[PDB]
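Peer 1: Please see the structure below; I have some questions.
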Amino acid sequence: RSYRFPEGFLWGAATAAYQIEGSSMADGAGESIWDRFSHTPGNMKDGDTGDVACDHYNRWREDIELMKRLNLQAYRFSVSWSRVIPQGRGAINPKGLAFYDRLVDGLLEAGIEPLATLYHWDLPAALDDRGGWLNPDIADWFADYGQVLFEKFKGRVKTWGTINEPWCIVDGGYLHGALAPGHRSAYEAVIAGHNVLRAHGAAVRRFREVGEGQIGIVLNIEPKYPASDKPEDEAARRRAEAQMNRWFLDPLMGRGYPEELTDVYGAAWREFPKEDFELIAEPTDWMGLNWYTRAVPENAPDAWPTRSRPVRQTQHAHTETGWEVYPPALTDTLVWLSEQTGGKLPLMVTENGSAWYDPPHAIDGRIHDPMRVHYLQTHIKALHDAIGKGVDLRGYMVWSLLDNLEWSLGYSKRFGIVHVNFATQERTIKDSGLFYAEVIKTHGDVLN
Amino acid sequence: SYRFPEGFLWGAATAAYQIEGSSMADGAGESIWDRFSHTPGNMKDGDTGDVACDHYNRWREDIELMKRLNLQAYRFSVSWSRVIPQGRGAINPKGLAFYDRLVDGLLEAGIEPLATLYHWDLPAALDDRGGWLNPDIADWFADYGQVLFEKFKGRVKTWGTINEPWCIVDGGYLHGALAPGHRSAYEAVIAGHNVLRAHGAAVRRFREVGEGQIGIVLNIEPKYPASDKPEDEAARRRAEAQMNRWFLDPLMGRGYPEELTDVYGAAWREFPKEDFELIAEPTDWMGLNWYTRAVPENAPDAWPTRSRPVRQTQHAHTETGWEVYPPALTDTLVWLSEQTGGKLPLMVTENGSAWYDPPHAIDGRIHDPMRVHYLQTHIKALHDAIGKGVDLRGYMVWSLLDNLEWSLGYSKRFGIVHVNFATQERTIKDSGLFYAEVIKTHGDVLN
Amino acid sequence: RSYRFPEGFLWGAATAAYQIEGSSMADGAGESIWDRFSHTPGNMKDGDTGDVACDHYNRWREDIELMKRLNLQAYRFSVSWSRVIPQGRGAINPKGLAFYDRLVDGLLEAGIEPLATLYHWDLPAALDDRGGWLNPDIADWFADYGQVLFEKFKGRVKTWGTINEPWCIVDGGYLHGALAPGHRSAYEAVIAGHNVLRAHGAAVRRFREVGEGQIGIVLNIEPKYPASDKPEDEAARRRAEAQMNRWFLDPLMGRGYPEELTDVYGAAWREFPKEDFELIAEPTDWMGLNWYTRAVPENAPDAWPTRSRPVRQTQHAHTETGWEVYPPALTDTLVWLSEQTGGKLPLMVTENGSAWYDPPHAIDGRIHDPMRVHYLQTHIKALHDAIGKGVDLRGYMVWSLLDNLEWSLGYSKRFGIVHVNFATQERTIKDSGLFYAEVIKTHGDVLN
Ligand SMILES: OC[C@H]1O[C@@H](O)[C@H](O)[C@@H](O)[C@@H]1O
Ligand SMILES: OC[C@H]1O[C@@H](O)[C@H](O)[C@@H](O)[C@@H]1O
Ligand SMILES: OC[C@H]1O[C@@H](O)[C@H](O)[C@@H](O)[C@@H]1O
């Protein structure tokens with residue numbers, strides 16, 4: 001059984017601005033919704049904030065040297081909107097843009113492909129004060145923001161993502177309130193989802209006007225498997241599937257909103273103008289998949305609003321975030337996505353990884369994380385199987401390069417293949433990182 | 001409005017060798033400045049700290065002067081050699097007793113004593129053992145700190161370890177304009193490292209035997225762009241690294257600035273991992289000494305930073321040749337707030353200006369309108385900094401008294417209280433009167 | 001009749017190192033064959049040399065400001081091999097490379113696209129002492145030189161030329177001896193042509209291995225028109241055409257060498273190994289055309305070696321270099337070139353312009369060159385006509401930005417749209433430059 005990957009298959013690792021950078025309001029940087037959210041008591045585990053995080057804003061050079069040691073060919077990162085445009089619209093912050101300028105140049109000098117994400121959940125607070133994702137004008141705001149980047153990094157950043165995981169943004173930020181801006185409303189959730197999609201479309205159009213390279217969205221998908229042969233459980237499964245996996249992909253593919261949403265959101269559901277769906281379906285060049293696990297939903301009449309709940313799969317290992325370890329579901333999902341996009345849209349796994357307990361400090365210069373190593377090897381093999389089934393998969397980014405702030409769960413959830421001692425900011429490459437470096441070097445042959 | 005936050009602490013600052021006099025009195029040991037000032041050519045007009053403001057004898061009068069100024073805090077330094085004549089070993093009872101009387105007297109007046117362990121006056125006996133080039137000083141200093149920590153436990157609650165490491169090393173070891181007067185990049189690098197280590201050791205000792213809050217005091221001189229030429233920007237970063245980041249960065253656990261490798265060349269050294277662990281020992285507060293900014297340009301022959309300031313002729317300059325530019329204070333405070341992550345309480349431990357005053361009062365008065373101007377504009381700049389979110393807890397004017405400006409002698413007057421050095425007569429300047437009103441109205445006078 | 005040019009059509013101007021730089025052996029720079037050639041009595045008109053020229057090595061910043069005043073979107077320039085690698089092989093000269101580093105950064109800062117040429121006739125003398133273009137190893141030497149540039153300017157210089165005018169290099173340098181290195185030999189001409197082609201191929205391969213962007217060769221073409229209906233005149237035309245226009249193009253297109261060359265060079269003609277032609281035909285991304293005029297050849301039995309000679313076309317104006325002004329022949333050539341390359345290869349006019357008399361100094365701050373203006377307007381119109389006929393033309397470079405050293409003809413031939421007072425180095429923009437600036441600004445609409 002060989003596991004060598006296709007020619008040009010791109011290996012990398014991924015991060016997000018608020019999760020690693022720190023210095024969030026430093027050097028002209030504006031206030032974001034997470035600056036506010038994280039400094040409100042009760043919102044974050046242990047009261048953790050992104051004020052310091054991995055101190056990447058100051059230590060990015062060391063981090064690039066770590067990327068080189070891991071033999072990374074690509075680095076997927078996000079740009080903080082509020083760092084570049086403090087009020088979201090209007091005046092640009094030179095020092096903030098200069099940071100990403102230095103960063104990208106440092107990456108290109110290192111021979112590492114910069115993969116940029118425009119929006120990774122850190123909306124400028126000034127725009128939130130204007131309604132945020134509930135305000136349709138954001139479609140323009142986002143576009144303008146996008147333009148600033150497109151022209152600044154023209155010819156340097158060739159691969160662009162617009163939005164990272166619309167579902168987490170809306171479901172977490174507007175439906176249940178576990179993420180910034182911390183609203184809890186189905187009425188708001190429907191609107192927010194729609195305007196996120198519109199914003200994506202607007203950004204793609206603007207990219208066609210002033211940009212260079214390839215642009216696409218990044219979706220998270222969590223495949224829903226049958227819990228039983230009861231029809232109510234299958235209806236539950238389809239509700240969960242529609243709300244999480246089809247909500248955004250379907251209108252992006254020109255199929256409109258899933259009908260089940262009408263049942264999920266009830267009186268909060270809306271019909272939107274026809275031209276909106278034209279904007280939303282703006283042709284893209286590639287698509288990113290963020291993937292971690294599957295779920296096995298059963299009927300749950302009291303679970304708002306999908307009336308479903310996952311059944312614990314005790315036969316398999318679970319991560320520190322409680323996600324089942326089940327690699328075949330990655331293969332299936334990739335196939336499924338290939339099918340939903342007609343096989344014509346180039347795909348990339350922009351996030352995949354696992355959280356396990358690591359000590360807060362290295363132990364004789366090492367971090368032994370055999371379960372993360374196992375997750376890594378089995379899921380990369382699953383990628384190979386998906387490619388063997390005809391999926392046009394061009395690359396793979398491990399989440400994450402560094403142990404970082406796992407948003408509302410704080411620093412307790414370590415996804416890094418590089419350990420960060422948050423007391424000292426010292427980095428230590430984990431066994432998982434060493435092994436991933438081996439996977440890249442052999443282009444997969446080490447899995448043989 | 002310019003009313004300051006509740007509990008905001010107003011005061012003035014001094015240093016031992018600059019005001020005390022009686023350097024060899026009552027058991028007091030010899031310091032490096034006793035030697036330095038009595039070597040011809042080192043000091044302007046041959047000035048020494050032998051008499052200075054005679055504060056050792058007139059401290060009560062000086063405290064009454066503090067009361068007339070409505071001071072809520074007094075920042076001062078303790079002479080190491082006055083307390084421990086050989087730097088190590090036997091304590092000098094009378095010398096320590098001076099500071100005992102002083103601190104008790106301050107507390108009687110309702111004035112908070114802010115004590116600095118080291119303000120440039122190393123015991124000469126330790127200098128003969130290598131001074132700041134000897135790593136053992138980290139321990140020596142710690143022991144010295146302990147003596148004070150236990151003696152003034154519960155009375156002095158706010159402690160500074162070292163005052164301006166950059167001036168100590170750059171002036172004392174790199175260029176030799178200050179005691180002990182060495183000129184060596186090699187020694188400068190080693191000395192800087194041992195100064196930081198000594199700070200760390202003193203903080204640990206404070207954790208074990210001390211009570212209250214402890215921190216270091218850094219001077220910062222923000223470096224602004226001279227042009228858009230890239231060599232001038234590289235120059236700017238060399239200067240900034242050598243002066244402003246050399247000490248702050250390792251204190252915040254980020255190691256030494258990369259640029260230093262370029263600045264010091266073959267004189268730069270790698271140090272053991274545990275040293276930086278000692279150096280970044282967590283502090284409770286930080287002092288900023290601030291006076292001005294600089295606008296560095298490339299200067300290949302300027303050793304060792306290869307940079308030089310461009311004279312900013314659009315603005316007023318002090319008698320020490322420092323540009324008057326209050327906005328740079330605001331910026332610096334913000335910058336400092338960001339470098340320390342906002343978690344560390346900041347205090348302006350020194351700010352002020354030197355202008356010419358006559359050697360005597362004029363019908364009971366000293367009119368210093370430019371010092372008044374410096375004061376009001378920079379205090380307003382403090383208010384602006386607080387408005388931008390800086391956790392700034394207080395402000396100490398340099399200086400309470402006209403004093404010995406080290407190698408520049410008595411020619412540079414920084415006092416808000418005038419000292420006639422012929423008669424030791426004190427006269428409160430217009431700047432002092434105004435500062436007293438700033439304190440009493442808690443800033444409202446600035447409206 | 002509109003003359004708006006295609007979207008993205010690139011307007012610029014061109015120079016060559018020895019023709020403008022001066023400071024030829026300054027800052028570590030090595031001796032080139034033109035250093036030797038120009039300082040040998042009898043070789044150059046009026047004893048002119050490239051010692052000072054336009055003093056561009058010292059005044060490049062002023063020249064960039066001049067480019068900005070002309071609204072240039074691109075600047076085509078060459079890199080002096082001996083300035084960067086003094087002995088042609090071995091140690092790099094840091095100051096020499098630093099000059100082009102500063103130049104390129106300055107160009108990019110001004111928003112001007114740097115178009116770099118590896119070889120513009122100035123071979124390092126040390127390599128000439130090893131046989132120059134007669135030594136097959138030059139293919140390797142050139143490649144190594146190319147690499148130095150490819151990596152130094154990776155991501156900054158995106159458009160690369162390998163060789164500027166193989167025909168002038170070989171015919172002028174080795175066949176007739178009018179150009180450096182001043183050899184006169186058909187045997188040497190055949191060998192040199194072959195090795196120039198090989199060097200191009202080697203540089204393209206090396207570029208594929210370590211470079212980034214688009215790379216191609218630059219050919220001059222002088223279309224040969226019928227003088228009469230006499231068959232010997234048509235045979236003459238075909239000889240001249242084969243020797244000048246098809247000699248290099250055909251093997252570059254994989255068609256081997258023109259059959260007629262066997263007749264032109266006789267006993268000096270040679271057969272070369274088959275793999276050489278695999279190397280020569282290495283796929284390129286674009287091709288440059290240098291174009292000035294046409295010829296009308298007739299039979300001339302005593303003319304060595306093509307046995308042909310041009311018939312003076314007295315019905316048309318001639319430039320000071322004695323070249324007929326006939327704009328339709330430009331259109332024809334482009335079409336011809338489009339046909340020879342199958343329409344698949346993006347083309348750019350890398351040189352076009354004319355030499356007319358100008359005074360040595362400005363006349364009240366002006367230089368009135370109405371014939372150069374005329375040449376410019378008619379030939380640019382001819383470009384538009386060529387595009388209408390299906391030529392995939394992406395850009396146009398005026399030769400030249402500056403009055404410069406016209407090689408063996410010295411400073412007597414002014415090609416600049418910017419006048420250079422060679423006594424004072426004062427630059428004065430000519431009426432032609434003013435007009436060209438308006439052409440760029442209106443993207444061709446001024447021609448309407
Ligand atoms: O939950 C772990 C990770 O999930 C991903 O889908 C998000 O993009 C990350 O920001 C997050 O850290
Ligand atoms: O130059 C004026 C003052 O600068 C301060 O930073 C030093 O601590 C003083 O000793 C000195 O007198
Ligand atoms: O012969 C005139 C011109 O011919 C061009 O094709 C060359 O590139 C130039 O260097 C030269 O000035």
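Going by the structure tokens order, chains are called A, B, ..., each with residues numbered from 1, while ligands are numbered from 1 in the order shown.
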Would you kindly report the residues of chain A within 8 Å of chain B, using only C-alpha atoms, as an NGL selection string?

Peer 2: :A and (23 or 26-27 or 51-52 or 424)

Peer 1: Starting from chain C, keep only residues with some atom at most 10 Å from an atom of chain A, counting only C-alpha atoms, and report them as a short mmCIF file (atom, residue, chain, number, x, y, z; two decimals) with C-alpha atoms, in the first residue's frame.

Peer 2:
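The result, written out as iface-v9.cif:
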```cif
data_model
loop_
_atom_site.label_atom_id
_atom_site.label_comp_id
_atom_site.auth_asym_id
_atom_site.auth_seq_id
_atom_site.Cartn_x
_atom_site.Cartn_y
_atom_site.Cartn_z
CA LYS C 154 12.70 36.34 -7.43
CA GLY C 155 9.25 37.89 -7.10
CA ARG C 156 10.48 41.33 -8.12
CA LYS C 158 8.65 38.72 -13.26
#
```

Peer 1: Using 7 Å as the limit and counting only C-alpha atoms and all ligand atoms, can you tabulate each residue of chain A that touches ligand 1, with its shortest atom-to-atom distance in Å and the two atoms involved, as JSON lines?

Peer 2:
```
{"residue": "A:16", "atom": "CA", "partner": "ligand 1", "partner_atom_place_in_ligand_line": "10 (O)", "distance": 6.3}
{"residue": "A:164", "atom": "CA", "partner": "ligand 1", "partner_atom_place_in_ligand_line": "8 (O)", "distance": 6.2}
{"residue": "A:165", "atom": "CA", "partner": "ligand 1", "partner_atom_place_in_ligand_line": "8 (O)", "distance": 6.5}
{"residue": "A:220", "atom": "CA", "partner": "ligand 1", "partner_atom_place_in_ligand_line": "6 (O)", "distance": 6.2}
{"residue": "A:290", "atom": "CA", "partner": "ligand 1", "partner_atom_place_in_ligand_line": "6 (O)", "distance": 5.7}
{"residue": "A:351", "atom": "CA", "partner": "ligand 1", "partner_atom_place_in_ligand_line": "6 (O)", "distance": 6.7}
{"residue": "A:406", "atom": "CA", "partner": "ligand 1", "partner_atom_place_in_ligand_line": "12 (O)", "distance": 4.8}
{"residue": "A:407", "atom": "CA", "partner": "ligand 1", "partner_atom_place_in_ligand_line": "12 (O)", "distance": 6.7}
```

Peer 1: How would the residues just chosen look if you wrote them out with N, CA, C and O atoms as a PDB file, in the first residue's frame?

Peer 2:
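The result, written out as out.pdb:
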```
ATOM      1  N   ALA A  16      -4.865  31.480  13.068  1.00  0.00           N
ATOM      2  CA  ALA A  16      -5.755  32.625  12.919  1.00  0.00           C
ATOM      3  C   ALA A  16      -5.243  33.783  13.762  1.00  0.00           C
ATOM      4  O   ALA A  16      -4.586  33.569  14.780  1.00  0.00           O
ATOM      5  N   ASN A 164     -13.859  32.173   6.877  1.00  0.00           N
ATOM      6  CA  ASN A 164     -13.569  30.906   7.526  1.00  0.00           C
ATOM      7  C   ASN A 164     -14.752  30.445   8.362  1.00  0.00           C
ATOM      8  O   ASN A 164     -15.064  31.043   9.395  1.00  0.00           O
ATOM      9  N   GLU A 165     -15.406  29.385   7.897  1.00  0.00           N
ATOM     10  CA  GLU A 165     -16.496  28.744   8.625  1.00  0.00           C
ATOM     11  C   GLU A 165     -17.651  29.676   8.970  1.00  0.00           C
ATOM     12  O   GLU A 165     -17.780  30.106  10.114  1.00  0.00           O
ATOM     13  N   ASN A 220     -16.581  24.592   7.151  1.00  0.00           N
ATOM     14  CA  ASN A 220     -16.470  23.407   7.991  1.00  0.00           C
ATOM     15  C   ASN A 220     -17.659  22.489   7.740  1.00  0.00           C
ATOM     16  O   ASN A 220     -18.785  22.950   7.561  1.00  0.00           O
ATOM     17  N   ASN A 290     -12.625  22.611   6.259  1.00  0.00           N
ATOM     18  CA  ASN A 290     -12.168  22.414   7.622  1.00  0.00           C
ATOM     19  C   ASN A 290     -12.881  21.198   8.188  1.00  0.00           C
ATOM     20  O   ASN A 290     -14.108  21.173   8.252  1.00  0.00           O
ATOM     21  N   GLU A 351      -8.116  22.934   7.164  1.00  0.00           N
ATOM     22  CA  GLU A 351      -7.947  22.628   8.582  1.00  0.00           C
ATOM     23  C   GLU A 351      -8.276  21.181   8.909  1.00  0.00           C
ATOM     24  O   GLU A 351      -9.349  20.679   8.570  1.00  0.00           O
ATOM     25  N   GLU A 406      -8.019  28.642  21.927  1.00  0.00           N
ATOM     26  CA  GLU A 406      -9.139  27.971  21.282  1.00  0.00           C
ATOM     27  C   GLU A 406     -10.414  28.738  21.643  1.00  0.00           C
ATOM     28  O   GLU A 406     -11.334  28.211  22.268  1.00  0.00           O
ATOM     29  N   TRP A 407     -10.430  30.007  21.240  1.00  0.00           N
ATOM     30  CA  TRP A 407     -11.544  30.920  21.468  1.00  0.00           C
ATOM     31  C   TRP A 407     -12.110  30.845  22.890  1.00  0.00           C
ATOM     32  O   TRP A 407     -11.368  30.991  23.861  1.00  0.00           O
TER      33      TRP A 407
END
```

Peer 1: For ligand 2, list the contacting residues at 8 Å or closer, counting only C-alpha atoms and all ligand atoms, as a PDB file with N, CA and C atoms, in the first residue's frame.

Peer 2:
```
ATOM      1  N   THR B  14      14.775  62.868  43.559  1.00  0.00           N
ATOM      2  CA  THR B  14      16.170  63.253  43.767  1.00  0.00           C
ATOM      3  C   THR B  14      17.043  62.006  43.702  1.00  0.00           C
ATOM      4  N   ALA B  15      18.355  62.198  43.768  1.00  0.00           N
ATOM      5  CA  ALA B  15      19.280  61.081  43.916  1.00  0.00           C
ATOM      6  C   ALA B  15      20.357  61.454  44.922  1.00  0.00           C
ATOM      7  N   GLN B  18      23.689  63.401  44.096  1.00  0.00           N
ATOM      8  CA  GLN B  18      23.390  64.674  43.459  1.00  0.00           C
ATOM      9  C   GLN B  18      22.979  65.746  44.469  1.00  0.00           C
ATOM     10  N   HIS B 119      21.335  54.313  42.348  1.00  0.00           N
ATOM     11  CA  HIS B 119      21.301  55.472  41.469  1.00  0.00           C
ATOM     12  C   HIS B 119      22.729  55.912  41.166  1.00  0.00           C
ATOM     13  N   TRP B 120      23.496  54.971  40.612  1.00  0.00           N
ATOM     14  CA  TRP B 120      24.765  55.209  39.914  1.00  0.00           C
ATOM     15  C   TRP B 120      25.970  55.311  40.843  1.00  0.00           C
ATOM     16  N   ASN B 163      18.088  52.523  38.634  1.00  0.00           N
ATOM     17  CA  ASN B 163      17.686  53.712  37.892  1.00  0.00           C
ATOM     18  C   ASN B 163      18.474  53.863  36.601  1.00  0.00           C
ATOM     19  N   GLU B 164      17.787  53.658  35.482  1.00  0.00           N
ATOM     20  CA  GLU B 164      18.353  53.851  34.147  1.00  0.00           C
ATOM     21  C   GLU B 164      19.606  53.031  33.861  1.00  0.00           C
ATOM     22  N   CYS B 167      21.896  54.548  31.004  1.00  0.00           N
ATOM     23  CA  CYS B 167      22.833  55.606  31.361  1.00  0.00           C
ATOM     24  C   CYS B 167      24.044  55.037  32.096  1.00  0.00           C
ATOM     25  N   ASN B 219      14.883  54.680  31.501  1.00  0.00           N
ATOM     26  CA  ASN B 219      14.704  55.879  30.696  1.00  0.00           C
ATOM     27  C   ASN B 219      14.491  55.452  29.252  1.00  0.00           C
ATOM     28  N   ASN B 289      11.533  57.126  33.110  1.00  0.00           N
ATOM     29  CA  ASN B 289      12.188  58.422  33.086  1.00  0.00           C
ATOM     30  C   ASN B 289      12.129  58.973  31.671  1.00  0.00           C
ATOM     31  N   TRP B 290      11.520  60.140  31.505  1.00  0.00           N
ATOM     32  CA  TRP B 290      11.318  60.677  30.168  1.00  0.00           C
ATOM     33  C   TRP B 290      11.585  62.174  30.121  1.00  0.00           C
ATOM     34  N   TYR B 291      12.254  62.610  29.060  1.00  0.00           N
ATOM     35  CA  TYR B 291      12.606  64.012  28.895  1.00  0.00           C
ATOM     36  C   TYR B 291      12.369  64.506  27.472  1.00  0.00           C
ATOM     37  N   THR B 320      20.278  71.429  28.453  1.00  0.00           N
ATOM     38  CA  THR B 320      20.994  70.178  28.213  1.00  0.00           C
ATOM     39  C   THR B 320      20.916  69.781  26.739  1.00  0.00           C
ATOM     40  N   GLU B 350      10.526  60.132  36.542  1.00  0.00           N
ATOM     41  CA  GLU B 350      11.261  61.367  36.274  1.00  0.00           C
ATOM     42  C   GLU B 350      10.783  62.088  35.021  1.00  0.00           C
ATOM     43  N   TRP B 398      11.453  65.616  38.125  1.00  0.00           N
ATOM     44  CA  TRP B 398      12.882  65.840  38.293  1.00  0.00           C
ATOM     45  C   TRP B 398      13.196  67.292  37.977  1.00  0.00           C
ATOM     46  N   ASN B 403      20.482  70.626  41.553  1.00  0.00           N
ATOM     47  CA  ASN B 403      21.490  69.728  42.095  1.00  0.00           C
ATOM     48  C   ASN B 403      22.656  69.491  41.150  1.00  0.00           C
ATOM     49  N   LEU B 404      23.527  68.558  41.519  1.00  0.00           N
ATOM     50  CA  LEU B 404      24.656  68.204  40.669  1.00  0.00           C
ATOM     51  C   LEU B 404      24.221  67.326  39.512  1.00  0.00           C
ATOM     52  N   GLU B 405      24.242  67.883  38.306  1.00  0.00           N
ATOM     53  CA  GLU B 405      23.873  67.124  37.121  1.00  0.00           C
ATOM     54  C   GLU B 405      25.106  66.336  36.664  1.00  0.00           C
ATOM     55  N   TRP B 406      25.580  65.474  37.562  1.00  0.00           N
ATOM     56  CA  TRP B 406      26.736  64.606  37.338  1.00  0.00           C
ATOM     57  C   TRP B 406      27.907  65.330  36.665  1.00  0.00           C
ATOM     58  N   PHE B 414      17.771  71.594  37.336  1.00  0.00           N
ATOM     59  CA  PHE B 414      16.539  70.873  37.034  1.00  0.00           C
ATOM     60  C   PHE B 414      15.449  71.090  38.081  1.00  0.00           C
TER      61      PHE B 414
END
```

Peer 1: Determine which residues of stretch 139-341 of chain C DSSP labels as helix (DSSP H, G or I) from the backbone of this structure, then write them out as a PyMOL selection string.

Peer 2: chain C and resi 139-152+166-175+186-210+231-246+249-252+260-268+274-280+328-340
